[PDB]
Amino acid sequence: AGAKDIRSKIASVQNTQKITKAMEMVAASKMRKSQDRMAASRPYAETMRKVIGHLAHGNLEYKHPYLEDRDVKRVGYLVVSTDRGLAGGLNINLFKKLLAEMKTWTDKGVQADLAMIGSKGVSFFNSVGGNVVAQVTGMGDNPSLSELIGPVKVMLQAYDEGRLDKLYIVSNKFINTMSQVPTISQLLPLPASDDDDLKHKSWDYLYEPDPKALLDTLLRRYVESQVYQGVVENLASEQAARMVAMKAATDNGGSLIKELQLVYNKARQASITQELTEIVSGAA
Amino acid sequence: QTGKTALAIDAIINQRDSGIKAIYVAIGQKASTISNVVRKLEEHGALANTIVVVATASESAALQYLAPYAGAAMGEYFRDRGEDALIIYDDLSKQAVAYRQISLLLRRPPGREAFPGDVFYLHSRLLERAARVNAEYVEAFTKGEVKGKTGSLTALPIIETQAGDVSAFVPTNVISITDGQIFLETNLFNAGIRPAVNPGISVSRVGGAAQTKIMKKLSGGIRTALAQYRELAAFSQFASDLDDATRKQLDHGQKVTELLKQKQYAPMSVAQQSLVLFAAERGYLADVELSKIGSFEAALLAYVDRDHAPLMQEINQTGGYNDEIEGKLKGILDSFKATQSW
Amino acid sequence: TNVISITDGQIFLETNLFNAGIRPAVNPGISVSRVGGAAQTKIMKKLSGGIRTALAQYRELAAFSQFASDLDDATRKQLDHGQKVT
Amino acid sequence: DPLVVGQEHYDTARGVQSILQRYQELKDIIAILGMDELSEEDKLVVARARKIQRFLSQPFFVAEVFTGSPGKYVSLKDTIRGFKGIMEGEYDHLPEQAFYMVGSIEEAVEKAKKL
Amino acid sequence: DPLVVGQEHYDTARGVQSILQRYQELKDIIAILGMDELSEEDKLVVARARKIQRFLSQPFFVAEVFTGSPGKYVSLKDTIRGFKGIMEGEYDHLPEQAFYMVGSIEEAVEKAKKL
Amino acid sequence: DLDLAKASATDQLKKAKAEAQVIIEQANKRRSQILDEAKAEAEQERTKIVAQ
Amino acid sequence: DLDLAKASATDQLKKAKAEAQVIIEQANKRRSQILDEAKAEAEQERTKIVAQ
Ligand SMILES: Nc1ncnc2c1ncn2[C@@H]1O[C@H](COP(=O)(O)OP(=O)(O)OP(=O)(O)O)[C@@H](O)[C@H]1O
Ligand SMILES: [Mg+2]
């Protein structure tokens, strides 16, 4: 009813466009805040990687399950995902890349299972029916490491006891503001390339109580730090993907309003033209 | 092409044994369509109960304009005797178009949308002839030949809207006059909801006083629940979490929507309708997967007709409802859903 | 349309404002006086320019009021000012 | 207006209008974006508005033939007290369907217990 | 009508009509939000409906002076078999372009080999 | 347990065997109902067509 | 022993249920044949009578 409702419909789209125009700026600010948090986490992990390098590849060379090579009979992943919608295809892209590798090990007859961060991943993989052993959800902004100790400890327990022989983290990477990429990278066993030194392990550390407890706890903390950092970097990628999705929603809404207006002006003009034909015809 | 005529000729076909006489008035249709309709009424037992009044598209505008009034005069013969008649006026809007032709050719001043102003008086004097008369009026008309019987004429006019636009002059007049409307619409019909009855904008102004008590008891809950399901389904459409009242509502309403679909020329008796509605109101559908709901209904009608026909006779004859009726229907649903297969 | 063309200015009263509780219901930014500050006393002329610009800033920020928790404080101040003038 | 109705009634009616007005704008966001995009205060208004919308319903004992249910009469005094109670917290915990065609607020709790 | 056409034809036509109707219902969502916001079943309706819209296309013998590519005559047995196969999802591994302007469903799979 | 496992094994066998027969027998009741109905109404149709 | 017995029950029930459906399909095939042949015999009586 162009005289009546097309008029309101335009108002509803105009209001919707004004809102999404604002959400693009919210997302672009949260992306900045997450980007600072992302950078702070890198120096703790990079320091800890230096310590395990010094003890692992030091002149006396130690042995540990999380560090040593093992052949594969079961493979494990843990996966990060959003608790909120919008953000384009970000989750689905990562999930289909995960299914591609999960199918690759399945073709090798290698059993797989998943640990899960975020309720989108919970829902998709229950819909697939892939084995999910652990879950955490509802972090929002400001996620905390304390939550994530749960998920890693049961994956750690699985890996050490043989139930798992490889473990990977599945997450998106914040290349920059404009581009983000879904990636999978290994946690257990420790994949990192060897390194070499003289001063380190020549001016060797006094150990307390002993160098074995300090290798065990240190590895436990390192892989924990690796998945905290992946969680933060995926969160930065969520805000970036939402910022872009709100740009499209704002331009799409602006494209619809103008087509609804050309349609309305036709109805506005036609009804004037009809009713004057009636008034003049009725003045017989 | 939404099933307007199909509904009205099925309402004729079903009167074949109800004792209600039928009239079908065809205004402005093509004559081979009236051949096809009569050929379907004769393929059932319905034509021997029915009068067919025709003014095809070739016939003069005076003949089309009068055709509804001629049909009503035939229905009034039964109404004034103490017998029931059902009259269908197919395309009252074609009667208005013929009346506009007559009025402009007579140079009467055109009013809105070029119809004459009296066009409301055309339809309203037609439709107020459909009435139930008290026994005293029958006795006076029959001069004491018939005593104690109340006669009735029931009218089912049909209007075509151009684009769902109810604001046109002829639709707004006829919507003002009648005791309710059934809206059939294209979006439901294309979705496969046939009959495509929109529960929200359709209403009966007589309501429950027209029903048998069993249908009255079961059906009152259905229509307003189903309307709110459509609001709920809109509000829900992107929300990931449903509270279980909402999640239950978002399922029950889909299963009721699926239950009300029905094939053409396949009318169901009161007991058959009541049994299937009882299965939905008392929750027995809830676990059955939705595409099976169609087969569930077919198997339930088949099961009950072989094994429990004395109750079907009881309900069809009485329309009654009691605790033993609720108990026997509960026992039938409990027994069917255990023993049989969809 | 004729009277809009003839007159010197418009006070638009709106029902949404009247429902929401802005009972004088005057809608700024669509209401106008083509005479303006010539009509107005020196004190009112001096002070009223603040109101005019504050409500302009308020309208654009009102779209962010749903999620105004994560904003620049300058903006948070402006928003909490547009509301209190309103 | 307060010079007839008194301020008690006037404040209650203007309150109900302001809430239903706000909710009509919020309802436009929800239908496309979903309800999670609201502030938790706008979510709360969407809740208490959607209740008030149902609490204004009332079955009439001239409509039992349509409804099948017993009609209700309310005093003005009881009407005011009920709307204040939805505008404040007292019934934040009842479902929406617990209001629909109820009668007094004092029996909306009972339909919630039945629901 | 099932009596004259028989059931397999009638069911195929009503299936095509139901999928294409549901695609109209989704297009206003897709137009603003884009497709990523759809459910994974809603994405499958779209992915089928778009194939169906292409397979409805056909090269006409009188149109060769415009299209150049040679005209096709398609049997009723091949048409109901093709659409029934698409709606059963047998062909959900082919691209949309495979269906455009092909006479029969076999011709779509040969077009798909060369994309 | 060495006895509850025996008891449940016969308990399932008994119930499952009876229901499988009941299902298939009432499939024969449905078949003969369908055949009886068709075999009857074929003449109910013809006796209408000759009266026509 | 208990686990195997419960799985054997579910096989037996499901197999009987499926066999009931093909039993019913064949009764529908008979019904649709019997009624179509009734119509096709009846028309060849009516045309014969009216031609007489
Ligand atoms: N309940 C139903 N189920 C399936 N198909 C139906 C049903 N009712 C009607 N149809 C089909 O809908 C089509 C149109 O029905 P009908 O001719 O009654 O519509 P109409 O609105 O009268 O059309 P017109 O406007 O041309 O008079 C027919 O093909 C008919 O077979
Ligand atoms: Mg028709």
# chains A, B, ... in the order shown; residues from 1 in each chain; ligands from 1
$ interface_residues --of "chain E" --to "chain B" --cutoff "12 Å" --atoms "only C-alpha atoms" --output "list in words"
residues 1, 2, 3, 11, 13, 14, 15, 16, 17, 18, 19, 20, 21, 22, 23, 24, 25, 26, 29, 33, 37, 38, 39 and 42 of chain E
$ residues_near_ligand --ligand "ligand 1" --cutoff "9 Å" --atoms "only C-alpha atoms and all ligand atoms" --output "PyMOL selection string"
(chain B and resi 1-9+29+90-91+158+160+184+189+192-196+261-266) or (chain E and resi 1-2)
$ residues_around --residues "residue 72 of chain D" --least-positions-apart "4" --cutoff "7 Å" --atoms "only C-alpha atoms" --output "PyMOL selection string"
chain D and resi 58-61+103
$ write_last_selection --atoms "C-alpha atoms" --output "PDB file, in the first residue's frame"
ATOM      1  CA  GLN D  58      -8.710  -9.536  28.999  1.00  0.00           C
ATOM      2  CA  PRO D  59     -11.446 -12.110  28.284  1.00  0.00           C
ATOM      3  CA  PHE D  60     -14.980 -10.755  28.061  1.00  0.00           C
ATOM      4  CA  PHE D  61     -18.118 -12.511  29.330  1.00  0.00           C
ATOM      5  CA  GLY D 103      -7.471 -11.095  34.109  1.00  0.00           C
TER       6      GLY D 103
END
$ residues_around --residues "segment 204-219 of chain A" --least-positions-apart "2" --cutoff "8 Å" --atoms "only C-alpha atoms" --output "JSON, numbers by chain"
{"A": [48, 52, 55, 64, 66, 200, 201, 202, 221, 222, 223]}
$ residues_around --residues "residue 2 of chain F" --least-positions-apart "4" --cutoff "10 Å" --atoms "only C-alpha atoms" --output "list in words"
residues 6 and 7 of chain F; 1 of chain G
$ interface_residues --of "chain C" --to "chain A" --cutoff "10 Å" --atoms "only C-alpha atoms" --output "ChimeraX atom specification"
/C:60-72
$ write_last_selection --atoms "N, CA, C and O atoms" --output "compact mmCIF listing (two decimals), in the first residue's frame"
# COMPACT_ATOMS: atom_id res chain seq x y z
N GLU C 60 23.12 12.13 15.83
CA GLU C 60 24.02 11.13 15.23
C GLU C 60 24.49 10.08 16.25
O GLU C 60 24.56 8.89 15.93
N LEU C 61 24.83 10.51 17.46
CA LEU C 61 25.19 9.63 18.58
C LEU C 61 24.06 8.74 19.08
O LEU C 61 24.32 7.64 19.57
N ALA C 62 22.81 9.17 18.95
CA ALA C 62 21.68 8.34 19.38
C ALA C 62 21.67 6.97 18.72
O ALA C 62 21.20 6.00 19.31
N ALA C 63 22.19 6.87 17.51
CA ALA C 63 22.36 5.56 16.88
C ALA C 63 23.36 4.68 17.62
O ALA C 63 23.20 3.45 17.63
N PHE C 64 24.36 5.25 18.27
CA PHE C 64 25.30 4.49 19.10
C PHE C 64 24.84 4.25 20.53
O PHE C 64 25.55 3.59 21.29
N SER C 65 23.70 4.80 20.94
CA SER C 65 23.24 4.65 22.32
C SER C 65 22.98 3.20 22.75
O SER C 65 23.13 2.88 23.93
N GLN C 66 22.57 2.34 21.83
CA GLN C 66 22.47 0.90 22.10
C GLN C 66 23.76 0.25 22.59
O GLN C 66 23.71 -0.70 23.37
N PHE C 67 24.92 0.72 22.16
CA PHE C 67 26.21 0.11 22.50
C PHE C 67 27.28 1.15 22.79
O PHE C 67 28.44 1.02 22.40
N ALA C 68 26.87 2.20 23.49
CA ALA C 68 27.65 3.37 23.88
C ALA C 68 28.63 3.10 25.02
O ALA C 68 29.32 4.02 25.46
N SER C 69 28.68 1.87 25.51
CA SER C 69 29.64 1.45 26.53
C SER C 69 31.08 1.48 26.01
O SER C 69 32.01 1.81 26.76
N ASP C 70 31.28 1.14 24.75
CA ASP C 70 32.59 1.14 24.10
C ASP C 70 32.69 2.29 23.10
O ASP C 70 32.54 2.12 21.90
N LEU C 71 33.00 3.47 23.64
CA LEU C 71 33.09 4.72 22.89
C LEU C 71 34.23 5.57 23.44
O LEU C 71 34.65 5.41 24.58
N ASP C 72 34.71 6.50 22.61
CA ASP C 72 35.55 7.57 23.12
C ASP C 72 34.79 8.41 24.14
O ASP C 72 33.65 8.81 23.90
$ calpha_fit_and_write --fixed "chain F" --moving "chain G" --output "mmCIF file with C-alpha atoms, in the first residue's frame"
data_model
loop_
_atom_site.group_PDB
_atom_site.id
_atom_site.type_symbol
_atom_site.label_atom_id
_atom_site.label_comp_id
_atom_site.auth_asym_id
_atom_site.auth_seq_id
_atom_site.Cartn_x
_atom_site.Cartn_y
_atom_site.Cartn_z
ATOM 1 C CA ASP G 1 25.651 -62.700 37.725
ATOM 2 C CA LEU G 2 26.240 -64.643 34.462
ATOM 3 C CA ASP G 3 23.098 -66.827 34.859
ATOM 4 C CA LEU G 4 20.784 -63.835 35.456
ATOM 5 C CA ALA G 5 22.151 -62.005 32.395
ATOM 6 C CA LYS G 6 21.512 -64.950 30.024
ATOM 7 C CA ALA G 7 17.899 -65.261 31.215
ATOM 8 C CA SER G 8 17.315 -61.498 30.695
ATOM 9 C CA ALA G 9 18.472 -61.856 27.071
ATOM 10 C CA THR G 10 15.909 -64.584 26.314
ATOM 11 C CA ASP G 11 13.071 -62.491 27.776
ATOM 12 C CA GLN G 12 13.980 -59.478 25.638
ATOM 13 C CA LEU G 13 14.231 -61.455 22.369
ATOM 14 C CA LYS G 14 10.983 -63.408 22.858
ATOM 15 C CA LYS G 15 8.976 -60.287 23.767
ATOM 16 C CA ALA G 16 10.109 -58.447 20.610
ATOM 17 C CA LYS G 17 9.248 -61.479 18.424
ATOM 18 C CA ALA G 18 5.674 -61.615 19.807
ATOM 19 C CA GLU G 19 5.147 -57.848 19.301
ATOM 20 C CA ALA G 20 6.126 -58.287 15.645
ATOM 21 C CA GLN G 21 3.191 -60.707 15.137
ATOM 22 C CA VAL G 22 0.465 -58.285 16.327
ATOM 23 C CA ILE G 23 2.113 -55.565 14.200
ATOM 24 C CA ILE G 24 1.601 -57.871 11.185
ATOM 25 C CA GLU G 25 -1.985 -58.776 12.152
ATOM 26 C CA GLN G 26 -2.967 -55.086 12.008
ATOM 27 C CA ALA G 27 -1.431 -54.660 8.531
ATOM 28 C CA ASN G 28 -3.471 -57.674 7.359
ATOM 29 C CA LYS G 29 -6.606 -56.074 8.842
ATOM 30 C CA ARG G 30 -5.828 -52.893 6.867
ATOM 31 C CA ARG G 31 -5.029 -54.877 3.689
ATOM 32 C CA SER G 32 -8.259 -56.929 3.904
ATOM 33 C CA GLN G 33 -10.253 -53.731 4.538
ATOM 34 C CA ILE G 34 -8.566 -51.758 1.720
ATOM 35 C CA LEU G 35 -9.077 -54.508 -0.888
ATOM 36 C CA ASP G 36 -12.676 -55.237 0.190
ATOM 37 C CA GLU G 37 -13.486 -51.504 -0.029
ATOM 38 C CA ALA G 38 -11.825 -51.424 -3.455
ATOM 39 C CA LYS G 39 -14.135 -54.202 -4.714
ATOM 40 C CA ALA G 40 -17.198 -52.557 -3.071
ATOM 41 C CA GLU G 41 -16.370 -49.162 -4.638
ATOM 42 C CA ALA G 42 -15.564 -50.638 -8.070
ATOM 43 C CA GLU G 43 -18.874 -52.553 -8.348
ATOM 44 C CA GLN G 44 -20.778 -49.301 -7.630
ATOM 45 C CA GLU G 45 -18.942 -47.701 -10.538
ATOM 46 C CA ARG G 46 -19.522 -50.611 -12.972
ATOM 47 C CA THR G 47 -23.264 -50.848 -12.175
ATOM 48 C CA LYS G 48 -23.536 -47.057 -12.554
ATOM 49 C CA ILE G 49 -21.786 -47.113 -15.972
ATOM 50 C CA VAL G 50 -23.809 -50.032 -17.377
ATOM 51 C CA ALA G 51 -27.089 -48.573 -16.066
ATOM 52 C CA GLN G 52 -26.110 -45.408 -17.986
#
$ closest_atom_pairs --of "chain A" --to "chain E" --cutoff "9 Å" --atoms "only C-alpha atoms" --output "JSON lines"
{"residue": "A:85", "atom": "CA", "partner": "E:37", "partner_atom": "CA", "distance": 7.7}
{"residue": "A:86", "atom": "CA", "partner": "E:37", "partner_atom": "CA", "distance": 6.7}
{"residue": "A:87", "atom": "CA", "partner": "E:36", "partner_atom": "CA", "distance": 8.9}
{"residue": "A:88", "atom": "CA", "partner": "E:36", "partner_atom": "CA", "distance": 5.7}
{"residue": "A:89", "atom": "CA", "partner": "E:36", "partner_atom": "CA", "distance": 5.5}
{"residue": "A:92", "atom": "CA", "partner": "E:36", "partner_atom": "CA", "distance": 8.6}
{"residue": "A:245", "atom": "CA", "partner": "E:33", "partner_atom": "CA", "distance": 7.9}
{"residue": "A:246", "atom": "CA", "partner": "E:33", "partner_atom": "CA", "distance": 8.5}
{"residue": "A:248", "atom": "CA", "partner": "E:33", "partner_atom": "CA", "distance": 7.7}
{"residue": "A:249", "atom": "CA", "partner": "E:32", "partner_atom": "CA", "distance": 5.4}
{"residue": "A:250", "atom": "CA", "partner": "E:32", "partner_atom": "CA", "distance": 8.2}
{"residue": "A:251", "atom": "CA", "partner": "E:32", "partner_atom": "CA", "distance": 8.6}
{"residue": "A:252", "atom": "CA", "partner": "E:32", "partner_atom": "CA", "distance": 5.3}
{"residue": "A:253", "atom": "CA", "partner": "E:32", "partner_atom": "CA", "distance": 6.0}
{"residue": "A:256", "atom": "CA", "partner": "E:32", "partner_atom": "CA", "distance": 8.3}
$ select_by_dssp --residues "chain E" --states "alpha helix (DSSP H)" --output "PyMOL selection string"
chain E and resi 2-5+7-33+42-55+64-67+76-87+105-113
$ select_by_dssp --residues "segment 69-278 of chain B" --states "strand (DSSP E or B)" --output "PyMOL selection string"
chain B and resi 84-90+132+152-157+180-181+184+197+203-204
$ residues_around --residues "segment 45-57 of chain B" --least-positions-apart "3" --cutoff "7 Å" --atoms "only C-alpha atoms" --output "NGL selection string"
:B and (12-13 or 16 or 21-31 or 41-42 or 63-64 or 67 or 71)
$ write_last_selection --atoms "N, CA, C and O atoms" --output "PDB file, in the first residue's frame"
ATOM      1  N   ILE B  12     -20.113 -28.036  -1.579  1.00  0.00           N
ATOM      2  CA  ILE B  12     -21.302 -28.606  -2.214  1.00  0.00           C
ATOM      3  C   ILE B  12     -21.257 -30.126  -2.169  1.00  0.00           C
ATOM      4  O   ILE B  12     -22.244 -30.776  -1.818  1.00  0.00           O
ATOM      5  N   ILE B  13     -20.139 -30.712  -2.581  1.00  0.00           N
ATOM      6  CA  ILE B  13     -19.988 -32.166  -2.661  1.00  0.00           C
ATOM      7  C   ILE B  13     -20.279 -32.821  -1.319  1.00  0.00           C
ATOM      8  O   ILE B  13     -20.952 -33.850  -1.248  1.00  0.00           O
ATOM      9  N   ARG B  16     -23.930 -33.750   0.008  1.00  0.00           N
ATOM     10  CA  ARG B  16     -24.640 -34.841  -0.650  1.00  0.00           C
ATOM     11  C   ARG B  16     -25.488 -35.684   0.295  1.00  0.00           C
ATOM     12  O   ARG B  16     -26.505 -36.240  -0.134  1.00  0.00           O
ATOM     13  N   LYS B  21     -29.785 -28.634   0.718  1.00  0.00           N
ATOM     14  CA  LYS B  21     -29.826 -28.494  -0.729  1.00  0.00           C
ATOM     15  C   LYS B  21     -28.749 -27.503  -1.164  1.00  0.00           C
ATOM     16  O   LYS B  21     -28.325 -26.644  -0.394  1.00  0.00           O
ATOM     17  N   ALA B  22     -28.295 -27.620  -2.410  1.00  0.00           N
ATOM     18  CA  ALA B  22     -27.238 -26.743  -2.900  1.00  0.00           C
ATOM     19  C   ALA B  22     -27.627 -25.981  -4.165  1.00  0.00           C
ATOM     20  O   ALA B  22     -28.392 -26.468  -4.996  1.00  0.00           O
ATOM     21  N   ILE B  23     -27.103 -24.760  -4.280  1.00  0.00           N
ATOM     22  CA  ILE B  23     -27.180 -23.918  -5.471  1.00  0.00           C
ATOM     23  C   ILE B  23     -25.779 -23.435  -5.798  1.00  0.00           C
ATOM     24  O   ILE B  23     -25.086 -22.913  -4.924  1.00  0.00           O
ATOM     25  N   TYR B  24     -25.350 -23.612  -7.042  1.00  0.00           N
ATOM     26  CA  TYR B  24     -24.117 -23.000  -7.519  1.00  0.00           C
ATOM     27  C   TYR B  24     -24.430 -22.018  -8.638  1.00  0.00           C
ATOM     28  O   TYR B  24     -24.942 -22.411  -9.687  1.00  0.00           O
ATOM     29  N   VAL B  25     -24.148 -20.740  -8.394  1.00  0.00           N
ATOM     30  CA  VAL B  25     -24.319 -19.675  -9.377  1.00  0.00           C
ATOM     31  C   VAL B  25     -22.965 -19.349  -9.992  1.00  0.00           C
ATOM     32  O   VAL B  25     -22.025 -18.986  -9.283  1.00  0.00           O
ATOM     33  N   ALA B  26     -22.850 -19.508 -11.302  1.00  0.00           N
ATOM     34  CA  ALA B  26     -21.635 -19.205 -12.049  1.00  0.00           C
ATOM     35  C   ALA B  26     -21.794 -17.906 -12.822  1.00  0.00           C
ATOM     36  O   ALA B  26     -22.477 -17.872 -13.843  1.00  0.00           O
ATOM     37  N   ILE B  27     -21.172 -16.831 -12.352  1.00  0.00           N
ATOM     38  CA  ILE B  27     -21.309 -15.530 -12.990  1.00  0.00           C
ATOM     39  C   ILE B  27     -20.057 -15.268 -13.804  1.00  0.00           C
ATOM     40  O   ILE B  27     -18.953 -15.238 -13.261  1.00  0.00           O
ATOM     41  N   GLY B  28     -20.228 -15.079 -15.104  1.00  0.00           N
ATOM     42  CA  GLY B  28     -19.171 -14.669 -15.996  1.00  0.00           C
ATOM     43  C   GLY B  28     -18.078 -15.673 -16.253  1.00  0.00           C
ATOM     44  O   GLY B  28     -17.067 -15.310 -16.858  1.00  0.00           O
ATOM     45  N   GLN B  29     -18.235 -16.920 -15.839  1.00  0.00           N
ATOM     46  CA  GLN B  29     -17.252 -17.926 -16.213  1.00  0.00           C
ATOM     47  C   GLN B  29     -17.411 -18.416 -17.646  1.00  0.00           C
ATOM     48  O   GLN B  29     -18.477 -18.319 -18.250  1.00  0.00           O
ATOM     49  N   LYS B  30     -16.320 -18.947 -18.193  1.00  0.00           N
ATOM     50  CA  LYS B  30     -16.384 -19.627 -19.479  1.00  0.00           C
ATOM     51  C   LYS B  30     -17.117 -20.960 -19.372  1.00  0.00           C
ATOM     52  O   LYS B  30     -16.959 -21.708 -18.410  1.00  0.00           O
ATOM     53  N   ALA B  31     -17.929 -21.240 -20.384  1.00  0.00           N
ATOM     54  CA  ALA B  31     -18.885 -22.339 -20.356  1.00  0.00           C
ATOM     55  C   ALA B  31     -18.246 -23.710 -20.209  1.00  0.00           C
ATOM     56  O   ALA B  31     -18.845 -24.603 -19.610  1.00  0.00           O
ATOM     57  N   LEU B  41     -19.186 -32.752 -10.068  1.00  0.00           N
ATOM     58  CA  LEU B  41     -20.372 -32.961  -9.244  1.00  0.00           C
ATOM     59  C   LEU B  41     -21.130 -34.225  -9.624  1.00  0.00           C
ATOM     60  O   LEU B  41     -21.751 -34.854  -8.763  1.00  0.00           O
ATOM     61  N   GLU B  42     -21.113 -34.601 -10.893  1.00  0.00           N
ATOM     62  CA  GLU B  42     -21.736 -35.836 -11.351  1.00  0.00           C
ATOM     63  C   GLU B  42     -20.849 -37.052 -11.155  1.00  0.00           C
ATOM     64  O   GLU B  42     -21.359 -38.174 -11.063  1.00  0.00           O
ATOM     65  N   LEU B  63     -28.031 -10.309 -17.838  1.00  0.00           N
ATOM     66  CA  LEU B  63     -28.171 -11.686 -17.385  1.00  0.00           C
ATOM     67  C   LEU B  63     -27.198 -12.027 -16.264  1.00  0.00           C
ATOM     68  O   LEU B  63     -27.550 -12.760 -15.340  1.00  0.00           O
ATOM     69  N   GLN B  64     -25.975 -11.516 -16.326  1.00  0.00           N
ATOM     70  CA  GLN B  64     -24.991 -11.755 -15.272  1.00  0.00           C
ATOM     71  C   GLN B  64     -25.347 -11.033 -13.982  1.00  0.00           C
ATOM     72  O   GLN B  64     -25.270 -11.608 -12.898  1.00  0.00           O
ATOM     73  N   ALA B  67     -28.136 -12.855 -12.268  1.00  0.00           N
ATOM     74  CA  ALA B  67     -27.900 -14.264 -11.950  1.00  0.00           C
ATOM     75  C   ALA B  67     -27.766 -14.564 -10.464  1.00  0.00           C
ATOM     76  O   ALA B  67     -28.373 -15.543 -10.009  1.00  0.00           O
ATOM     77  N   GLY B  71     -30.519 -16.962  -8.376  1.00  0.00           N
ATOM     78  CA  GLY B  71     -30.121 -18.070  -7.519  1.00  0.00           C
ATOM     79  C   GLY B  71     -30.689 -17.971  -6.115  1.00  0.00           C
ATOM     80  O   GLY B  71     -31.136 -18.960  -5.547  1.00  0.00           O
TER      81      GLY B  71
END
$ atom_distance --atom1 "atom CA of residue 280 of chain B" --atom2 "atom CA of residue 64 of chain D"
22.9 Å
$ residues_around --residues "residue 160 of chain A" --least-positions-apart "6" --cutoff "12 Å" --atoms "only C-alpha atoms" --output "list in words"
residues 64, 65, 66, 67, 68, 70, 152, 153, 154, 166, 167, 188, 189, 216 and 220 of chain A
$ atom_distance --atom1 "atom CA of residue 117 of chain A" --atom2 "atom CA of residue 156 of chain A"
16.0 Å
$ closest_atom_pairs --of "chain B" --to "chain A" --cutoff "10 Å" --atoms "only C-alpha atoms" --output "CSV"
residue,atom,partner,partner_atom,distance
B:107,CA,A:284,CA,8.8
B:108,CA,A:284,CA,9.1
B:109,CA,A:282,CA,5.7
B:110,CA,A:282,CA,5.5
B:111,CA,A:282,CA,6.5
B:112,CA,A:278,CA,6.8
B:113,CA,A:278,CA,7.3
B:114,CA,A:278,CA,7.0
B:165,CA,A:1,CA,7.9
B:167,CA,A:1,CA,9.0
B:238,CA,A:85,CA,9.5
B:239,CA,A:85,CA,9.8
B:240,CA,A:85,CA,9.5
$ atom_distance --atom1 "atom CA of residue 150 of chain B" --atom2 "atom CA of residue 133 of chain B"
5.8 Å
